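Text of structure_24.cif (mmCIF, N, CA, C and O atoms) as supplied:
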```cif
data_start
#
loop_
_atom_site.label_atom_id
_atom_site.label_comp_id
_atom_site.auth_asym_id
_atom_site.auth_seq_id
_atom_site.Cartn_x
_atom_site.Cartn_y
_atom_site.Cartn_z
N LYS A 1 268.29 162.11 228.63
CA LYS A 1 267.07 161.42 228.28
C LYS A 1 267.35 159.92 228.19
O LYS A 1 267.30 159.34 227.11
N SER A 2 267.63 159.33 229.34
CA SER A 2 267.92 157.90 229.41
C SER A 2 267.30 157.30 230.67
O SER A 2 266.49 156.38 230.58
N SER A 3 267.71 157.84 231.81
CA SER A 3 267.20 157.37 233.08
C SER A 3 267.74 158.24 234.22
O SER A 3 268.77 158.90 234.07
N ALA A 4 267.02 158.22 235.33
CA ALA A 4 267.41 159.00 236.49
C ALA A 4 267.40 160.49 236.13
O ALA A 4 268.08 160.91 235.19
N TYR A 5 266.61 161.24 236.88
CA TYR A 5 266.50 162.67 236.65
C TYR A 5 266.70 163.46 237.94
O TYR A 5 265.83 164.21 238.37
N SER A 6 267.87 163.25 238.54
CA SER A 6 268.20 163.93 239.78
C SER A 6 268.57 165.39 239.50
O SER A 6 269.17 165.69 238.47
N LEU A 7 268.21 166.25 240.43
CA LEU A 7 268.49 167.67 240.30
C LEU A 7 270.01 167.89 240.35
O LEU A 7 270.60 168.39 239.40
N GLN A 8 270.59 167.50 241.48
CA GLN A 8 272.02 167.65 241.68
C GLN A 8 272.38 169.12 241.87
O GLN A 8 271.51 169.95 242.14
N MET A 9 273.66 169.41 241.74
CA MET A 9 274.15 170.77 241.90
C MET A 9 275.64 170.86 241.58
O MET A 9 276.09 171.82 240.95
N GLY A 10 276.37 169.85 242.02
CA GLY A 10 277.81 169.80 241.79
C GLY A 10 278.25 168.39 241.40
O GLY A 10 279.11 167.80 242.07
N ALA A 11 277.66 167.88 240.33
CA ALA A 11 277.98 166.55 239.85
C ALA A 11 277.38 166.35 238.46
O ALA A 11 277.95 166.80 237.47
N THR A 12 276.24 165.68 238.43
CA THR A 12 275.56 165.42 237.18
C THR A 12 275.63 166.65 236.27
O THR A 12 275.92 166.53 235.08
N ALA A 13 275.35 167.80 236.86
CA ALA A 13 275.38 169.05 236.11
C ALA A 13 276.62 169.07 235.22
O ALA A 13 276.54 169.46 234.05
N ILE A 14 277.74 168.66 235.80
CA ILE A 14 278.99 168.63 235.06
C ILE A 14 278.75 168.07 233.66
O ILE A 14 279.15 168.67 232.67
N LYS A 15 278.09 166.92 233.63
CA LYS A 15 277.79 166.27 232.36
C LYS A 15 277.07 167.26 231.44
O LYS A 15 277.35 167.31 230.25
N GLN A 16 276.17 168.03 232.04
CA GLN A 16 275.41 169.02 231.29
C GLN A 16 276.36 169.95 230.53
O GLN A 16 276.08 170.36 229.41
N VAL A 17 277.47 170.26 231.19
CA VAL A 17 278.47 171.14 230.59
C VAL A 17 278.83 170.63 229.20
O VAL A 17 279.00 171.42 228.27
N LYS A 18 278.94 169.31 229.10
CA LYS A 18 279.28 168.69 227.84
C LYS A 18 278.19 168.98 226.81
O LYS A 18 278.47 169.18 225.63
N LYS A 19 276.95 169.00 227.30
CA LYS A 19 275.81 169.26 226.44
C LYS A 19 275.92 170.69 225.89
O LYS A 19 275.33 171.00 224.86
N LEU A 20 276.67 171.51 226.61
CA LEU A 20 276.86 172.90 226.20
C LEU A 20 278.08 172.99 225.29
O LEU A 20 278.24 173.98 224.57
N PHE A 21 278.90 171.96 225.34
CA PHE A 21 280.10 171.92 224.52
C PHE A 21 279.78 171.48 223.10
O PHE A 21 280.57 171.70 222.18
N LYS A 22 278.62 170.86 222.95
CA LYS A 22 278.18 170.38 221.65
C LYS A 22 278.38 171.49 220.61
O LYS A 22 278.54 171.21 219.42
N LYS A 23 278.38 172.72 221.10
CA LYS A 23 278.56 173.87 220.23
C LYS A 23 280.03 174.31 220.27
O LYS A 23 280.57 174.79 219.28
N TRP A 24 280.63 174.13 221.44
CA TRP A 24 282.03 174.49 221.63
C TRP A 24 282.88 173.59 220.74
O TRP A 24 282.87 172.37 220.90
N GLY A 25 283.60 174.21 219.81
CA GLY A 25 284.45 173.48 218.90
C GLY A 25 285.49 174.40 218.26
O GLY A 25 285.17 175.16 217.35
N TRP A 26 286.71 174.30 218.76
CA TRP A 26 287.80 175.12 218.25
C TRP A 26 287.72 175.10 216.72
O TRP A 26 288.51 175.77 216.05
#
```

With the file now loaded, output its structure as structure tokens.
Amino acid sequence: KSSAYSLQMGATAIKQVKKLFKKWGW
């Protein structure tokens, strides 16, 4: 939620992974 909203497939998505890590915490 900043700028640029490209669909992508094998790039930006990666960043999304981090958004899923927000919960991931040893």

Please define a box with edges along x, y and z of the file around all atoms of stretch 9-14 of chain A given in the file, extend it by 3 Å on each side, and return its centre and edge lengths in Å to one decimal, as lines of an AutoDock Vina configuration file.
```
center_x = 276.4
center_y = 168.6
center_z = 237.4
size_x = 11.5
size_y = 12.4
size_z = 15.4
```

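Interatomic distance, atom CA of residue A:26 against atom N of residue A:9: 28.0 Å.
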
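The gap separating atom O of residue A:2 from atom N of residue A:20 is 18.7 Å, in Å to one decimal.
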
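When atom O of residue A:7 is paired with atom C of residue A:24, their separation reads 22.9 Å.
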